[PDB]
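One structure is given below, represented as structure tokens, and several questions about it will come after.
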Amino acid sequence: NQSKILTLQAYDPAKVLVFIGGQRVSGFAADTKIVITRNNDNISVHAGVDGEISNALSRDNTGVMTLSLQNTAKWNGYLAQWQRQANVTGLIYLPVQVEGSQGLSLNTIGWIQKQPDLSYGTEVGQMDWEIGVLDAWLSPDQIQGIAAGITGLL
Amino acid sequence: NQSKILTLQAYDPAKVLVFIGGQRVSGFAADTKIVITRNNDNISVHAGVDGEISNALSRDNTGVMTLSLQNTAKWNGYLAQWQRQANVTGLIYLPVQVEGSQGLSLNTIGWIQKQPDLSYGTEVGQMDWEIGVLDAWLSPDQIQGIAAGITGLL
Amino acid sequence: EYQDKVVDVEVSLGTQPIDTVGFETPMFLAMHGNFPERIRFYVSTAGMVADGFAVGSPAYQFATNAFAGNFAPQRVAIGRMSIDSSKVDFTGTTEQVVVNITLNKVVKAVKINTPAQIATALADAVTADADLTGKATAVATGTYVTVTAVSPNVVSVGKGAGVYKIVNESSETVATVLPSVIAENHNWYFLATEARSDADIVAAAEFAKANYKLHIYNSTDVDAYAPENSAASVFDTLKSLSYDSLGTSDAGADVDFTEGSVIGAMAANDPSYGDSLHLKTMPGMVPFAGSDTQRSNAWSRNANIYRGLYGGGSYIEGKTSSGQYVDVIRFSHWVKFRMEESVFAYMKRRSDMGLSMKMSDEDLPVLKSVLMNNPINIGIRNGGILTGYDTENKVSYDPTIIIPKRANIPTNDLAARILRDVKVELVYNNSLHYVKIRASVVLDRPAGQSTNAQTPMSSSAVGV
Amino acid sequence: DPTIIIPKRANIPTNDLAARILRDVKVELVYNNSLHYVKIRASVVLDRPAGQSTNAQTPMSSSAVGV
Amino acid sequence: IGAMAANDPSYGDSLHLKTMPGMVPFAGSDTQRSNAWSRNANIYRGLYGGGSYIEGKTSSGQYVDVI
Amino acid sequence: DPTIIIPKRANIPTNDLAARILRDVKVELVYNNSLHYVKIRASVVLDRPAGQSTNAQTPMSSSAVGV
Amino acid sequence: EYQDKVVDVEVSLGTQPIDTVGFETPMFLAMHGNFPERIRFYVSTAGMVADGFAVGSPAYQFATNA
């Protein structure tokens, strides 16, 4: 057996596009751009004494989308001003979209949950904004779909 | 098979021109004039247990350009004064250009990263200034271009 | 050029688009006069009917069957032969008979309500239509009605409702026509014929082997599953000649031309996977109704049969006339075509910049990489080509490539400027066709097993 | 990529060295484009959509038959 | 001429597969091509979607490259 | 290897010394060749390939029997 | 002399070639009348049968064993 290349193209971080309200975000941090995590488990399990197993689905799809930006980036001002604008007017929701380069994507509604701490030091600082998401289901954008009707059994 | 001359002209070190801010640098060291090195690898490789291979491009193009000058050269004063001028006013960037004699070239923005140590001894001393570069991609200045559309495969 | 709206939307109700797939276009050699060209390409039955083809006509049936497969292509090639007349045979039994006939862009559906009486009534009804009489002709005889078009008019006749045959007669022979058809376009892979005489089928089979095409035919014959000693069917005829052609028995092969279903289950299947046809489902075909002995006879004659199992329909055994599996033939053709295409594409690109290839040891070896790209590697990735070490024979399956050196090339080839003796080797994989299981059941308490804990020895030591 | 070319002294005619004016400097550029018009194609379904083809093969690029 | 003018003979770069705009593919069958080759009449042929000259032969039978 | 030959003065006829023209200079060359046609021989295996011969000797060049 | 294709491939199913080895040719003095010459050289049993040798005949057995 010979080793196989898992993809034809190369994963390019610059190809990952983040659209918050219809504008592209720029000025990201060094290591990680964005992290998406679900708040709660998908399926719960109830185990009886005799061994009977029953499960119930979870309808809580809220999640948190970390966003790292350099403190010198101009987008810090946009989010800071929008925070107070929403606080005064009362409108906090805005569309959020993420395009993957060689992975999953995301397209839902979101809001600003917490403002990151600010620290000034010898080197350029970093700010990790937290953006909520109404639904944290990562959707594919590939040829997937012809095999989902094959894995099905039982 | 007969030996072939790799070039028609002769590599002349004096023909290598360095333009920092629009002025030609003079008074170089003995052995090496300039050295250009990339900070990080171009492409990373992730190898799975089963043998699957995936790669991701690197967008960090920062580099370091060593510059050797005799301690008696007048350009030591220019750089020393510019260091304090930038420190006070806050402007550190300035254009950098390198012309190769029979090799690659370079044309990007740069800045002074570290001042070399000074030592006084029996013989004339040497100073190795370090100049940063925004992008460290060495570009060609030759008939290259008609074959890049030939090596392509897969 | 001028757009009156910055944004415009066309709301299509119900319909949906389909993606563009790569495939091999089939060719159906039909006899008619709807267009002058020898061969045309259609993308939907709508275009064929717009060209004067009558609904239910042979070409229409073939196209609608081909476009309904899971691997159906997106183009169909229709050949053209001369046409002398057509027949509507009512042999058999039938309550309402409807025959769709189109004459010179005029579409009509004659109607009628013992076969001879039905044929006579239909013939009389045809003459009742003044338009048909002026431009077309009809005559009754026995159980069939013969219709002929007046010379400057084109008539197309197709099935409506009821039980009957539609047979078209033509003076042109397939052997004479195919050499002209191939001249206009060689861009097709599958070969099919409307005429179902033994001579036409044999001629098509002989032509296909010479011109590297795949031949398909449905026989609708009853001797196809006669006892093994009865070597009198076309299937047995082809065996004696060692020809290759995917033939199968059926019941509607001369009312629907079910070659379309097979092509649609074969067109968009990449040979690189070695994906046999064993159990592929095909719409349109009808299950084989014979008993076990008939199936055994059909298998002995290499006549494939469509069988229904557990509620569905399934092809079986995908065998050809010569006995070799169709999968192997397709794989061999795929390798033969694509190795050549890859090498030619590299050579042309290398000679289009100047610096054309030269016969020397310093440039020849690049053919190894050129060939290891494209087929030899795609086959391994998709599983078609086998690799690894064999434990039984103690041999390796690794693909091999050999290139001769300049010193071994005869002087004559340096004048002819052609290289020879390049060698390649491969090992083909295999699908799974049949499985046999051995079960066991226990009723009482099973007997206690042996309590030996030693590691089982390999073989007896006693040997001299 | 933008390109810039400068002639060498050996290629300058003697007359320009008297006129003291340089010529033949060349530059190239590629201009971007805005978006003016857009056209969309929508579709609506009413009944149960028909089952799609269940082919799982990687779609091949082009037909192999070519001579 | 445009596929031959700026080609340096020092490389020995034959015309075998050079593509030429403007020409139209030869439409005859195999026997016609064999006859044309026997008469040293070169033919432009289309293969695998492109167009290509063939065999670059001259009237006397010697390859044009050698001349 | 390319070769060049030049005659000596003693071999020049007296007439050429009056005509002042030299003759008989000789040069030789060997021309390279492009590649025009290629033929390949492939093979396919279906069952288990038969075990190969297990001879480990260095293959001899030619039969010794000769008189 | 004339080649209609720039590249051609003969797909042989199953069969494989074998390299050329140096060896000493054996001689089997058989009695028959299939050819006039006193001695002939064969490279495979197929050629011997093509010369009228019956399957299972002494020469055929010797060749297939060798």
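I'd like the distance separating the alpha-carbon centroids of segment C:412-452 and segment C:289-345, in whole Å.
19 Å
Is chain E best put as rounded, prolate or oblate by its Cα gyration tensor, with a ≥ b ≥ c the root eigenvalues, rounded for a/c under 1.5, and otherwise prolate when a/b is larger than b/c, oblate when not?
The shape class here is oblate.
Same structure again: Under a GNM of chain A (C-alpha, springs under 10 Å), which listed residue has the highest mean-square fluctuation: A:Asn39, A:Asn55, A:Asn71?
A:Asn55
What nm distance separates the two modelled labels at C:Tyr310 and E:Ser10, each placed 7 Å from Cα along Cα→Cβ?
7.4 nm
7 Å from Cα along Cα→Cβ at both B:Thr7 and C:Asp89: what's the point-to-point distance in nm?
8.7 nm
Would you calculate the volume per residue, in Å³, of the smallest convex hull containing every Cα atom of segment A:72-154?
Spread over its residues, the Cα hull of segment A:72-154 gives 167 Å³ apiece.
What's log10 of I(q)/I(0) for segment C:152-261 at q = 0.13, 0.21 Å⁻¹, Debye sum over Cα points only, no solvent?
-0.57, -1.29
Using every Cα-Cα pair within segment A:19-62, state what percent have a distance larger than 18 Å.
Every Cα pair in segment A:19-62 considered, those over 18 Å come to 60 percent.
Turning to a different aspect of this structure: Within 10 Å of each Cβ in peptide E:44-56, how many partner chain Cβ atoms are there on average? Round it to a whole number, please.
4
Sticking with this one: Quick check: the distance between the Cα centres of segment B:1-75 and segment C:1-78, to the nearest angstrom?
Going from one Cα centre to the other spans 60 Å.
Separate question: Report, in deg cm²/dmol and to the nearest 500, the calculated mean residue ellipticity at 222 nm for chain G, where each DSSP H run with n ≥ 4 adds -39500 (n - 2.57) and the sum is divided by the residue count.
-5500 deg cm²/dmol, from helical runs alone.
A:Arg38: net charge of surrounding residues, Cβ under 15 Å, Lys/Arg +1, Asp/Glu -1, itself excluded?
That sum, taken over residues with Cβ under 15 Å, equals -3.
I've got another one for you. If packing is taken as the mean number of other Cβ atoms within 10 Å per residue, what is the order of B:42-50, F:50-58, C:54-62, highest first?
In decreasing order of mean packing, B:42-50, F:50-58, C:54-62 become C:54-62, B:42-50, F:50-58.
Turning to a different aspect of this structure: Please compute one quarter of the surface area of the Cα convex hull for the protein assembly as shown and express it in square nanometres.
Spelled out: convex hull of the Cα atoms, projected over all directions, averaged, 85.5 nm².
Strictly over 30 Å apart at the Cα level, which of C:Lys394/C:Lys423; A:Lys15/D:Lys26; C:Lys209/E:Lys57; C:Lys209/E:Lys18; A:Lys74/D:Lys26; C:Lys358/F:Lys26 would you flag in this model?
Over 30 Å Cα-Cα: A:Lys15/D:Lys26; C:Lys209/E:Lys57; C:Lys209/E:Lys18; A:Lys74/D:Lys26.
Explain nothing, just the number: relative contact order of segment B:70-116, from Cα pairs under 8 Å at least 6 residues apart, as a whole percent.
28 percent
Next question. Between B:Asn39 and C:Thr451, what's the calculated FRET efficiency when r is the beta-carbon distance and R0 is 60 Å? Round to 0.05.
0.30
I would also like to ask the following. Just need the relative contact order of chain E here, percent rounded to a whole number, with Cα pairs under 8 Å and 6+ apart.
Computed value for chain E: 35 percent relative contact order.
Taking only DSSP H segments of four or more residues, each worth -39500 (n - 2.57), what value at 222 nm results for chain A once the sum is divided by all its residues, to the nearest 500 deg cm²/dmol?
That comes out to -3000 deg cm²/dmol.
In what sequence, highest mean first, do C:338-349, C:234-245 appear when ranked by Cβ atoms within 10 angstrom?
So the order, starting with the most tightly packed, is C:338-349, C:234-245.
Ranked highest first by the average count of other Cβ atoms within 10 Å around their residues, in what order do D:26-33, C:408-415, C:385-392 fall?
C:385-392, C:408-415, D:26-33
For chain C, what log10 I(q)/I(0) values come out of the Debye formula at q = 0.09 1/Å, with one point per alpha carbon and no solvent?
Here log10 of I(q) over I(0) equals -0.79.
I want to make sure I understand the PRE zone here: with the label point 7 angstrom from the Cα of A:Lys15 toward its beta carbon, which residues in segment B:54-73 have backbone N atoms less than 20 Å away?
Within reach of a label on A:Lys15: B:54-61.
How far, in degrees from 0 to 90, does helix B:75-89 lean away from the longest principal axis of the Cα atoms of chain B, to the nearest 10?
The helix B:75-89 is inclined about 80 degrees to chain B.
Roughly how crowded by other chains is peptide C:427-433, in terms of the mean Cβ count from those chains within 10 Å of each of its Cβ atoms?
2
Other chains near C:391-398: what is the mean number of their Cβ atoms within 10 Å of each residue's Cβ?
3
Below 15 angstrom from the Cβ of D:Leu22, what's the summed charge of the other residues (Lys, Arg +1; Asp, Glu -1)?
Net of charged neighbours comes to +3.
Below 8 Å between Cα atoms, with a sequence gap of 6+, how large is the relative contact order for segment C:292-432 in percent?
RCO, segment C:292-432: 15 percent.
Restrict the search to segment B:107-138; then list the chymotrypsin sites (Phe, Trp or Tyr not before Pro) that DSSP places in a loop and that have at most 15 other Cβ atoms within 10 Å of their Cβ.
B:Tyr120, B:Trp137
Between beta-carbons, use under 15 Å as the cut-off and find the net charge around C:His215, counting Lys and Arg +1, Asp and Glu -1.
-1
OK, next. For chain A, what is the convex hull volume of the alpha-carbon atoms per residue, in Å³?
238 Å³
Run through segment C:175-231 and list the GluC sites (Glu not before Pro) located in a DSSP loop whose Cβ has at most 14 other Cβ atoms within 10 Å.
C:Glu228
Tell me the Rg and the Dmax, in Å, that the Cα atoms of chain F produce.
Expressed in Å, the Cα Rg and Dmax of chain F come to 30.1, 86.
Positions of Cβ are generated from backbone atoms using ideal geometry, with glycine treated the same way; all protein chains shown enter the neighbour counts. Throughout, read-outs are computed from the coordinates displayed, never taken from laboratory work.
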